[PDB]
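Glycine gets a Cβ as well: all are built from the backbone with ideal geometry, and neighbour counts include every protein chain shown. Bear in mind these aren't lab numbers, they're just calculated from the coordinates by the rules spelled out.
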Amino acid sequence: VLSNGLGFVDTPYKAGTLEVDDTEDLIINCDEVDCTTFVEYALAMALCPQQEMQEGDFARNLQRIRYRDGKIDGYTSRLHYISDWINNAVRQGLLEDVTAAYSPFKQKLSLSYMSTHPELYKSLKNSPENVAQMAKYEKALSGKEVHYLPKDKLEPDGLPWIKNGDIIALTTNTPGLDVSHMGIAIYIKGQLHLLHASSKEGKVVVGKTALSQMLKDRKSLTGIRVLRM
C-alpha cells in the first residue's frame, strides 16, 4: 500500500540482498532494497491487521509472498519470475488481478532467461539441479496467457480504474522475460507516477516522469499489469 511504500522513500537500492547466505531462508532487509523486495516489504506490511504492526504478522506475510505457496525450500522455492510471483499472490487471494478484470489485451508468457544464463546467478552457476528446476518452472509458465494494458492505452493522467497503491508490473518483450520492473502507483499533480526502487537513482523514489512516458521511452517495454491488495 501507498502509505507503507512511502515510508521507504530514499532507502538505498542494492541488488542481491537476498543472496548473501549459503542456504536459503527468510531474509528481512528493509535498509537496502531492489525493485521486487521493496514491493514485497510494502505489501507484507500493508496486509497486517495492525499498522501496532506485529513482526510475526509481517514475517508470515512476507514468507507467503516471497516463496512458492509460502514454503521455504532452497533457492528455487523463491519466486524469481514476476509472472510466477504474481500468480502466487493472486492464487492466495492476497492480490487481485485488476488488468484481468478490465483489459481485453493479452500477452503469452515466454520465460527462459534464467536457465539460458545460469552463469549470472550465484545459486545457478554451480547447480545443474537448480537450473533443471528453474527450466521446469519456466516451461510450466510459458505459453500461458495473462491480461495486460498496452502502453499505447495509458495516458500521463492514468485511468479511473488504476488507483493509488496498486502494484504496477511493467511488461517487456525482451527475450526470455515477462516483466522487467514493478512499483506502486501514485498520483502526483494529476499524473500517474511510479513509486519504485530505482537502480538509476540508486534509491526508492517517486518517479519524476509519468508512468506512460517511462513506458513509451523504452522500446523493450510493452505495457503494464495492475494488481491490487
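Below is a table of values for the structure above.
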| item | result |
| --- | --- |
| Sorted peptide list for 168-177, 20-29, criterion being average Cβ within 10 angstrom, highest first | 168-177, 20-29 |
| Over 18 Å between alpha carbons, listed pairs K71/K139; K153/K216; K14/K200; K106/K153; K108/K151 | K71/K139 |
| Distance between modelled label sites at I72 and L6, nm, 7 Å Cα→Cβ extension | 3.3 nm |
| Protection proxy ranking of 34-42, 105-113 - average other beta-carbon atoms within 10 Å, highest first | 34-42, 105-113 |
| Note, ³J(HN,Hα) from phi for region 115-124, Karplus 6.51, -1.76, 1.60, rounded to Hz, x at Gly and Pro | 6, 7, 10, x, 4, 6, 10, 3, 8, 10 |
